[PDB]
Amino acid sequence: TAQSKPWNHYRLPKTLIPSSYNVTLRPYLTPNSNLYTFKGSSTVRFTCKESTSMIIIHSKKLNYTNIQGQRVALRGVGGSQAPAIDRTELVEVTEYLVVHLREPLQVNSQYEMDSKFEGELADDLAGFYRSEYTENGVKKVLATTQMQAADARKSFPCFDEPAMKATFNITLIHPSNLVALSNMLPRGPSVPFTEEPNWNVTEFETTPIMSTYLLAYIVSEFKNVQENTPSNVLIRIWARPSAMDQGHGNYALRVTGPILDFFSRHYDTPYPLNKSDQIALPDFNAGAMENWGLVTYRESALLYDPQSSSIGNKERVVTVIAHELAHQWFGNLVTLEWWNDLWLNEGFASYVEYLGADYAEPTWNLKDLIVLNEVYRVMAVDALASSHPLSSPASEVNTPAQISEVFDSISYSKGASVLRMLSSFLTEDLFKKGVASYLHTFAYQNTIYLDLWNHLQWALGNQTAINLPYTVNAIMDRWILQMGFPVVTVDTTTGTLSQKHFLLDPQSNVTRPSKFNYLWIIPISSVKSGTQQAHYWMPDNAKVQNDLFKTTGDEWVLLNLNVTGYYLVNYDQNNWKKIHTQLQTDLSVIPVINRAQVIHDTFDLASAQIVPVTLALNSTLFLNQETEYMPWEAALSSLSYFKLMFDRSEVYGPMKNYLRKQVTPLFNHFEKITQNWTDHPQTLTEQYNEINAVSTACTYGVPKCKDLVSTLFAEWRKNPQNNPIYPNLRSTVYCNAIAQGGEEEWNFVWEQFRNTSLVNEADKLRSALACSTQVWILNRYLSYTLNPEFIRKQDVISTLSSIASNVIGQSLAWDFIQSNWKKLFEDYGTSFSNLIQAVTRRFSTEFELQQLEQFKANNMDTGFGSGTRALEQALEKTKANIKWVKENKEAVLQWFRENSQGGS
Amino acid sequence: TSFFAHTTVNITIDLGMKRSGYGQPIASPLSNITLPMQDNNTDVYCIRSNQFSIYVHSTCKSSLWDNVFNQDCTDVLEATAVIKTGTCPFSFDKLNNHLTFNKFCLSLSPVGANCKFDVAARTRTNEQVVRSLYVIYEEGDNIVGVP
Ligand SMILES: *[C@@H]1O[C@H](CO)[C@@H](O[C@@H]2O[C@H](CO)[C@@H](O[C@@H]3O[C@H](CO[C@H]4O[C@H](CO)[C@@H](O)[C@H](O)[C@@H]4O)[C@@H](O)[C@H](O[C@H]4O[C@H](CO[C@H]5O[C@H](CO)[C@@H](O)[C@H](O)[C@@H]5O)[C@@H](O)[C@H](O)[C@@H]4O)[C@@H]3O)[C@H](O)[C@H]2NC(C)=O)[C@H](O)[C@H]1NC(C)=O
Ligand SMILES: *[C@@H]1O[C@H](CO[C@@H]2O[C@@H](C)[C@@H](O)[C@@H](O)[C@@H]2O)[C@@H](O[C@@H]2O[C@H](CO)[C@@H](O[C@@H]3O[C@H](CO[C@H]4O[C@H](CO)[C@@H](O)[C@H](O)[C@@H]4O)[C@@H](O)[C@H](O[C@H]4O[C@H](CO)[C@@H](O)[C@H](O)[C@@H]4O)[C@@H]3O)[C@H](O)[C@H]2NC(C)=O)[C@H](O)[C@H]1NC(C)=O
Ligand SMILES: *[C@@H]1O[C@H](CO)[C@@H](O[C@@H]2O[C@H](CO)[C@@H](O[C@@H]3O[C@H](CO[C@H]4O[C@H](CO)[C@@H](O)[C@H](O)[C@@H]4O)[C@@H](O)[C@H](O[C@H]4O[C@H](CO)[C@@H](O)[C@H](O)[C@@H]4O)[C@@H]3O)[C@H](O)[C@H]2NC(C)=O)[C@H](O)[C@H]1NC(C)=O
Ligand SMILES: *[C@@H]1O[C@H](CO)[C@@H](O[C@@H]2O[C@H](CO)[C@@H](O[C@@H]3O[C@H](CO[C@H]4O[C@H](CO)[C@@H](O)[C@H](O)[C@@H]4O)[C@@H](O)[C@H](O[C@H]4O[C@H](CO)[C@@H](O)[C@H](O)[C@@H]4O)[C@@H]3O)[C@H](O)[C@H]2NC(C)=O)[C@H](O)[C@H]1NC(C)=O
Ligand SMILES: *[C@@H]1O[C@H](CO[C@@H]2O[C@@H](C)[C@@H](O)[C@@H](O)[C@@H]2O)[C@@H](O[C@@H]2O[C@H](CO)[C@@H](O[C@@H]3O[C@H](CO[C@H]4O[C@H](CO)[C@@H](O)[C@H](O)[C@@H]4O)[C@@H](O)[C@H](O)[C@@H]3O)[C@H](O)[C@H]2NC(C)=O)[C@H](O)[C@H]1NC(C)=O
Ligand SMILES: *[C@@H]1O[C@H](CO[C@@H]2O[C@@H](C)[C@@H](O)[C@@H](O)[C@@H]2O)[C@@H](O[C@@H]2O[C@H](CO)[C@@H](O[C@@H]3O[C@H](CO[C@H]4O[C@H](CO)[C@@H](O)[C@H](O)[C@@H]4O)[C@@H](O)[C@H](O)[C@@H]3O)[C@H](O)[C@H]2NC(C)=O)[C@H](O)[C@H]1NC(C)=O
Ligand SMILES: *[C@@H]1O[C@H](CO)[C@@H](O[C@@H]2O[C@H](CO)[C@@H](O[C@@H]3O[C@H](CO)[C@H](O)[C@H](O[C@H]4O[C@H](CO)[C@@H](O)[C@H](O)[C@@H]4O)[C@H]3O)[C@H](O)[C@H]2NC(C)=O)[C@H](O)[C@H]1NC(C)=O
Ligand SMILES: *[C@@H]1O[C@H](CO)[C@@H](O[C@@H]2O[C@H](CO)[C@@H](O[C@@H]3O[C@H](CO)[C@@H](O)[C@H](O)[C@@H]3O)[C@H](O)[C@H]2NC(C)=O)[C@H](O)[C@H]1NC(C)=O
Ligand SMILES: *[C@@H]1O[C@H](CO)[C@@H](O[C@@H]2O[C@H](CO)[C@@H](O[C@@H]3O[C@H](CO)[C@@H](O)[C@H](O)[C@@H]3O)[C@H](O)[C@H]2NC(C)=O)[C@H](O)[C@H]1NC(C)=O
Ligand SMILES: *[C@@H]1O[C@H](CO)[C@@H](O[C@@H]2O[C@H](CO)[C@@H](O)[C@H](O)[C@H]2NC(C)=O)[C@H](O)[C@H]1NC(C)=O
Ligand SMILES: *[C@@H]1O[C@H](CO)[C@@H](O[C@@H]2O[C@H](CO)[C@@H](O)[C@H](O)[C@H]2NC(C)=O)[C@H](O)[C@H]1NC(C)=O
Ligand SMILES: *[C@@H]1O[C@H](CO)[C@@H](O)[C@H](O)[C@H]1NC(C)=O
Ligand SMILES: *[C@@H]1O[C@H](CO)[C@@H](O)[C@H](O)[C@H]1NC(C)=O
């Protein structure tokens, strides 16, 4: 049947396995009279494993210059006589080039296939593509390559399946004015192209065995900062000439060396290649790609300006460098057979990125923010009936579109969360030994997740100290083959633990089936009244008992120490109180990561109606004695919804006075350590809580905070060119200054916004202009949006959603979006979903729901475009918001009023 | 090199002043003391003369958040170095007065420091200690100082 035909199946036939490729590409970076275009020529050598009469290879958007009769030519290595090509056909859907042969190929015989082709160097961010940038008014264009998944076939005919690894000989014909880069260093110095002497020919060294998706070739006029490591590896940081002249990519050079060294010792495997080129591209939506030896990055993730960039950027560059460098071993040396297992590659790197970044910047304690940035991030989505298992059968991922769906928060963050739990029971040193065992045994090869488990189990067998009650395969099967995470409820009177699938909706329709009936094997580290207890292993059973969790009197138990595991913990009311009294009597006894747990967990349990909302708010009482970031951020994140629903309500006064009483101590703490806000801290966590202290103390009415904003802004208005405000506190001071002032302040920030070149500062000033308390100023600012000479097209959605955040601007913006819907949909519907989510985020009344419903009917003919799901989603959120307010408004008001004096 | 001579020791104390978040004058620890050069070393200067004179040269500079002192002090920030007595039985003024000592060495390093003077910045509003100047002294009459 036609359906049976091998060319109509997405997955490649395993009759031909490739050996090596010879790919020669010529990027034409000058527009054609009609399109930027690239010309190529490839020669692949393959071995027949099973006799077939047809060569099926991947080809996407490639026009072919016919060699002799057909598109390709076939030759034979050894005595192999190549069969004649009867006909060549191109299937577009499955992206294939089917070469029908007159006589079948021979088993275990090698053949070579030549091809000459041409394609479009379009701005598609896929394959050999062009990245356009404007430098000093001159529009310059560079040729770069994103080959992830399907895109490599777009540039050269290849077997684009990660399991079909091969060695590649990349040759580049580029203009002599521009530089040529690839995965490997050039074989020799560039030699001019004989046929056209305005071009050079860079032929690179042969690539190690590697997957087609990790290939890269970039032709650009970029510049570099070099550095040879003690391990004899060349580290080059490439970027636009302007950025390198300003020394923006020097932090990247300062950390790349130490990071590669750490991973070399951690994995016990020397860096496979000798070069680590890291390029920063102007427009890189992907953020970063782990191309081997040519890691492409977005300018915001490799470059750091120490005079304008906040510490948030210093964290992004050091951690993203640690992630794409971890892939050079785990993901590039030992790749994975298919994308059904993409979670292991991205999850492992998303965990070891914090390890490598801690080596580079050890003062920051980054290994503790994985709970906040990765675990807590993914739990919000894994606690829904719409989530998905980490691992799916390989047969389920076939379509290029199905391959892209594997790239999500579950695979990256929950993957890391599950692999951090492994490195907890397995003891890390054993975990390192197994990973090393895996990278040494399966080097230059492809693997199954079982292949890692096997090596990590063998590591335990070569040991007698750590003994696990179950196999590594089974323990992890519960976390990778089923969705969601468990909530452990411990009745301390009887010592009975219970597990249940945690879903944030009180009423939820989990329809997805599980082989383990939504019961997990949970590693349970516990503490009894400050002293660590023995480790526990709760089975895949709903309820069990153990005297480890049986308290008497003032004895309190706290589980998931340091949040190593991927589960929520609930105790009996009495034990919660004993934990809350300890957080008041003395908090140091409870670790910082567990002090955030008692906040995140309680609020998440309250959303599911497992515990009352009063218990969640109770967890925010020890914060008048807290100077740490994680416990404070966990509260400010959870109390954001409270503010969104109550900022325009009767109960905001009590809320503001409570959070003022609780933030006043924190503000005074930083005021002291910073000598009246002069000498700022040097640890990422502390610098972050300083922003939280300043911003929170201000939006809740701390007198001194208003004086600090006024002073800093006053000094800035004088001497405008030199800015006194610290890069980190600039955004808060700017927003506050605009809200505290009027037209003169707004007109200043607007003039500076229209004069600033740095997108970093422009966005800070633009988002600050939306904080105005004047109605007429906000409406004028809203009319500035309609004109693209005042606000860029891409800045419009973030400008509108910022005005909507102002309590005064919510009404003004909703009105503006309804009245200008057609124009906004015709431009952003083709991003817009997020606008209809930023606005309609506070919607909490039946009257607002009616307005949303009436608007849907009115603008049905125009249509909601990309946010059609979002307009429906906003209705469902508003309805869910109306329910929460009705059932929690009175309790929240009473609690805030009662605890208005802060905590003891 | 004659013991019987007058050696003038010029303590150049470059002063670093940073403006506070509430506009207050804040004195940075990054302010630097430059002792006269001796034995190819600015860290320590030992008096090798019967008569000595210790004089203070003070320069005020201003930094912003950067901690790079690129400009001159203006308004509240401006200040002048004042070497407070600190942990010593003698004031910086007493030394240039009729005071006799067998050996007198001013060092920026606390190694061998028999005593330590506290260098401060005196803004119209307040005087804030910045760095400390260590002194190693031996009681005697071989060396004395005066204006
Ligand atoms: C991308 O670049 C890489 C290099 O960076 C290319 O890899 C090279 O691939 C070619 C072809 O496979 C290799 O060349 C051949 O290697 C044979 C083995 O050489 C090795 O063993 C030697 C000791 O025996 C050792 O000294 C040497 O260093 C190396 O380790 C070598 O025997 C070949 O030379 C003879 O054979 C040729 C053809 O085979 C004969 O024999 C068969 C069997 O009977 C017969 O069918 C055939 O007709 C021939 O008679 C012959 O043409 C020669 O005249 C000679 O007799 C030859 O050198 C090369 O070694 C690889 N280099 C590296 C560094 O890997 C890669 O191929 C390229 N990609 C593409 C698509 O080409
Ligand atoms: C770091 O900042 C501290 C706070 O800074 C203040 O607040 C910020 C927001 C800005 O407004 C800033 O300009 C303010 O100074 C700062 O601590 C403060 O320092 C000032 C100056 O030393 C103190 O002012 C003096 O106060 C006393 C009275 O103290 C009583 O009243 C105050 C309230 O006014 C209470 O807070 C105290 O607890 C006491 O109950 C006054 O008597 C004195 O003036 C007298 O002397 C002058 C000169 O002779 C006369 O002209 C007057 O008539 C008076 O006789 C000052 O007004 C302020 O009290 C103090 N506050 C606190 C809480 O400590 C600190 O000095 C800064 N430190 C650094 C690092 O520079
Ligand atoms: C849950 O999470 C917490 C936080 O990560 C863990 O507590 C940490 O334990 C590690 C163990 O390595 C501590 O690291 C060590 O700290 C020692 C000093 O202890 C304290 O005192 C200093 C100064 O006040 C504080 O800054 C510090 O935060 C601690 O409070 C150091 O002396 C150790 O140095 C040793 O190791 C290094 C390794 O590079 C060697 O170079 C040294 O020569 C030396 O051998 C080390 O740095 C970490 O400080 C602890 N943090 C806190 C705040 O307690 C818990 O262990 C973890 N618990 C569980 C159940 O997983
Ligand atoms: C007391 O003396 C100390 C030295 O003991 C002086 O501090 C030095 O100040 C100079 C500037 O005058 C610093 O050199 C500068 O470095 C800046 C970036 O380096 C940062 O990181 C280093 C390492 O931590 C710090 O030392 C430094 O302070 C910075 O934090 C550059 O941005 C500066 O730019 C200048 O030179 C470049 C060319 O290199 C020019 O293009 C610029 O336009 C500009 O001229 C400069 O290179 C030096 O690093 C500081 N060393 C320290 C802090 O020990 C104090 O200035 C002085 N204090 C006083 C006068 O009270
Ligand atoms: C301890 O750990 C090793 C694996 O780790 C190695 O040794 C430690 C000490 C470190 O040096 C690491 O860096 C090393 O990688 C376990 O070895 C494995 O044992 C199992 C048996 O339990 C072996 O499985 C067998 O393999 C046979 C074929 O082996 C050959 O082929 C494989 C590849 O397919 C190749 O890796 C191997 O070297 C041989 O060439 C097969 O016939 C048999 O039926 C069975 O499948 C496995 O191959 C071993 N792996 C390696 C890499 O050595 C130890 O078992 C473990 N000890 C304990 C007690 O658990
Ligand atoms: C140590 O530092 C002193 C300066 O210290 C100041 O003075 C002492 C007394 C204390 O009060 C300190 O608190 C002060 O900070 C340096 O003295 C200076 O030396 C320079 C060397 O160039 C002298 O510069 C000269 O200036 C001349 C102009 O004025 C002099 O001459 C005219 C007549 O020409 C005369 O009218 C006037 O009275 C001065 O005598 C100029 O002609 C000459 O070419 C030269 O430029 C400067 O005058 C000195 N100032 C003072 C007040 O001493 C020491 O050099 C330095 N020495 C050491 C060893 O550290
Ligand atoms: C794929 O790409 C690789 C390179 O990345 C190609 O491999 C190279 O092939 C060339 C041509 O065979 C090799 O250059 C030859 O080397 C030999 C041995 O040293 C001789 O020196 C050759 O010189 C003699 O022959 C030429 C041509 O007849 C003649 O002009 C000259 O006077 C001499 O008689 C010399 O050309 C080169 O070393 C190879 N490089 C490597 C690293 O292997 C490979 O051929 C490409 N494959 C395909 C199918 O395109
Ligand atoms: C394109 O290919 C040509 C030819 O290889 C490259 O010319 C090369 O230019 C570099 C400088 O960028 C030359 O380095 C210097 O050469 C001079 C000799 O004139 C010597 O005094 C210095 O010690 C230094 O090595 C290189 O020699 C020169 N090669 C030539 C002329 O054959 C050109 O730069 C290439 N451009 C690209 C992007 O490939
Ligand atoms: C908008 O941005 C431009 C570019 O930054 C600003 O131009 C700058 O204007 C300042 C003030 O005139 C110039 O400062 C100069 O300092 C030197 C001493 O270092 C002095 O000799 C000059 O007379 C002048 O005062 C600065 O050089 C100049 N920079 C450039 C590249 O034009 C402009 O002032 C900004 N307008 C605002 C902030 O609204
Ligand atoms: C590859 O070939 C296709 C045609 O098979 C080219 O598409 C044509 O482009 C011309 C010029 O713009 C149009 O007039 C034709 O109508 C297009 N036909 C189709 C079917 O698209 C395409 O431009 C070629 N690409 C390259 C870079 O060679
Ligand atoms: C939140 O904490 C408060 C105390 O801060 C708890 O209030 C106590 O509740 C018990 C049991 O009803 C009473 O016996 C106490 O007298 C109450 N004390 C105060 C000061 O009100 C409250 O129960 C906690 N809520 C939750 C759900 O944990
Ligand atoms: C990398 O270095 C090794 C030696 O450690 C060398 O054998 C290999 O050829 C080099 N590859 C290059 C230059 O890319
Ligand atoms: C859950 O989904 C099933 C299948 O769509 C449906 O039959 C059932 O009524 C749903 N139940 C709830 C509670 O929504």
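The count begins at 1 with the first shown residue.
How was it done? The header gives X-ray crystallography, 3.3 Å.
Here the Cβ of each residue, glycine as well, is placed from N, Cα and C on the backbone.
In three-state terms derived from DSSP, A:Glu324 (active site, proton acceptor) belongs to a helical segment. A:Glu324 (active site, proton acceptor) has a Cβ environment of 25 other Cβ atoms inside 10 Å. According to Swiss-Prot, the feature active site, proton acceptor maps to A:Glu324.
Counting only same-chain residues six or more apart in sequence, the Cβ atoms lying under 8 angstroms from the Cβ of A:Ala288 (substrate binding site) belong to A:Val295, A:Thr296, A:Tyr297, A:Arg298, A:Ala301, A:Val320, A:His323, A:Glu324. Swiss-Prot lists A:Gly287, A:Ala288, A:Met289, A:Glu290, A:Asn291 with the feature substrate binding site.
Secondary structure at A:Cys698 (disulfide bond), taken from DSSP and collapsed to helix, strand or coil, is helix. Marked as disulfide bond by Swiss-Prot on the basis of similarity to another entry: A:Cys698-A:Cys705 (among others).
Here Swiss-Prot flags A:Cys735-A:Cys771 (among others) as disulfide bond, drawing on similarity to another entry. The local packing around A:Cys735 (disulfide bond), expressed as other Cβ atoms within 10 Å of its Cβ over all shown chains, amounts to 26.
Marked as N-linked glycosylation site by Swiss-Prot: A:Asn63 (among others). Here A:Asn63 (N-linked glycosylation site) comes close to A:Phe117, A:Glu118, A:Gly119: these same-chain residues lie at least six apart in sequence, with C-beta atoms under 8 angstroms from its C-beta.
Annotation source Swiss-Prot lists N-linked glycosylation site at A:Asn169 (among others). In the three-state DSSP scheme, A:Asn169 (N-linked glycosylation site) falls into the strand class.
As annotated by Swiss-Prot, N-linked glycosylation site applies to A:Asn200 (among others). Applying an 8 A CB threshold to same-chain residues 6+ apart, the list for A:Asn200 (N-linked glycosylation site) reads A:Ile173, A:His174, A:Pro175, A:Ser176, A:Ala180, A:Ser190, A:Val191, A:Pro192, A:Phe193.
What Swiss-Prot records for A:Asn462 (among others) is N-linked glycosylation site, and it gives similarity to another entry as the kind of evidence. The 10 Å shell around the Cβ of A:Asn462 (N-linked glycosylation site) contains 10 further Cβ atoms across the protein chains shown.
Following the DSSP three-state reduction, the secondary structure of A:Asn509 (N-linked glycosylation site) is coil. Within 10 Å of the C-beta of A:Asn509 (N-linked glycosylation site) there are 8 other C-beta atoms, taking all protein chains into account. The annotation N-linked glycosylation site is assigned in Swiss-Prot to A:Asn509 (among others).
Within 10 Å of the C-beta atom of A:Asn562 (N-linked glycosylation site) sit 16 other C-beta atoms, taking all shown protein chains into account. Secondary structure from DSSP puts A:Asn562 (N-linked glycosylation site) in a helix. According to Swiss-Prot, the N-linked glycosylation site annotation covers A:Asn562 (among others), on the basis of similarity to another entry.
Annotation comment: Swiss-Prot describes A:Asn618 (among others) as N-linked glycosylation site, evidence class similarity to another entry. A:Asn618 (N-linked glycosylation site) falls within a helix when secondary structure is assigned with DSSP.
For A:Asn676 (N-linked glycosylation site), other Cβ atoms within 10 Å of its Cβ number 16. Annotated N-linked glycosylation site per Swiss-Prot: A:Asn676 (among others), in sequence order, evidence recorded as sequence analysis.
For A:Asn755 (N-linked glycosylation site), the Cβ neighbour count at a 10 Å cut-off comes to 12, with all displayed protein chains included. What Swiss-Prot lists as N-linked glycosylation site is A:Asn755 (among others), and the listing cites similarity to another entry.
When secondary structure is read from DSSP and collapsed to three states, A:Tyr111 (sulfotyrosine) falls in the strand class. Long-range C-beta contacts of A:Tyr111 (sulfotyrosine), restricted to its own chain and to partners at least six residues apart, with a cutoff below 8 Å, comprise A:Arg45, A:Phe46, A:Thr47, A:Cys48, A:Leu74, A:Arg75, A:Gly76, A:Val77, A:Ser80, A:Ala82, A:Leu105. Per Swiss-Prot, sulfotyrosine is recorded for A:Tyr111 (among others), and the stated evidence type is sequence analysis.
The Cβ neighbour count for A:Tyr354 (sulfotyrosine), using a 10 Å radius and every protein chain shown, is 23. Taken from Swiss-Prot, the feature sulfotyrosine applies to A:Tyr354 (among others), supported by sequence analysis.
Its Cβ taken as reference, A:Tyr359 (sulfotyrosine) is surrounded by 18 other Cβ atoms within 10 Å in the chains shown. The feature sulfotyrosine is assigned by Swiss-Prot to A:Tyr359 (among others).
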Note to self: I'd like to know which of the recorded positions A:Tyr412, A:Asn462, A:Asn618, A:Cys705, A:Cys735, A:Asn755 sit within 10 A of A:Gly287 (substrate binding site) at the Cα level.
What the structure shows: none
Notebook entry, point to check: What is the interatomic distance between the Cα atoms of A:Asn291 (substrate binding site) and A:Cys771 (disulfide bond), given in whole Å?
Noted result: 42
Notebook entry, point to check: In the deposited model, 3 residues lying between A:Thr830 and A:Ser831 are absent; what is the Cα-Cα distance separating these two residues, in Å, to the nearest whole number?
Noted result: 8
Notebook entry, point to check: Listed in sequence order, which of the recorded positions A:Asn200, A:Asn676, A:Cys705 sit with a CB under 8 A of chain B?
Noted result: A:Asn676
Check: Around the substrate site recorded as A:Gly287, A:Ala288, A:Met289, A:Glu290, A:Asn291, what other same-chain residues have a C-beta within 8 angstroms of the site's C-beta center?
Finding: A:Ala286, A:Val295, A:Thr296, A:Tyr297, A:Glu324, A:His327
Checklist line | Neighbour tally for A:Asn618 (N-linked glycosylation site), based on other Cβ positions within 10 Å of its Cβ | finding: 22
Next item on the list: For A:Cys705 (disulfide bond), list the number of other Cβ atoms lying within 10 Å of its Cβ atom.
Entry: 25
Note to self: Neighbour count, 10 Å Cβ-Cβ cut-off, for A:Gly287 (substrate binding site): what number do you get?
What the structure shows: 14
Margin query: Just to be sure I understand the packing, how many Cβ atoms besides its own are within 10 Å of the Cβ of A:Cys771 (disulfide bond)?
Written below: 24
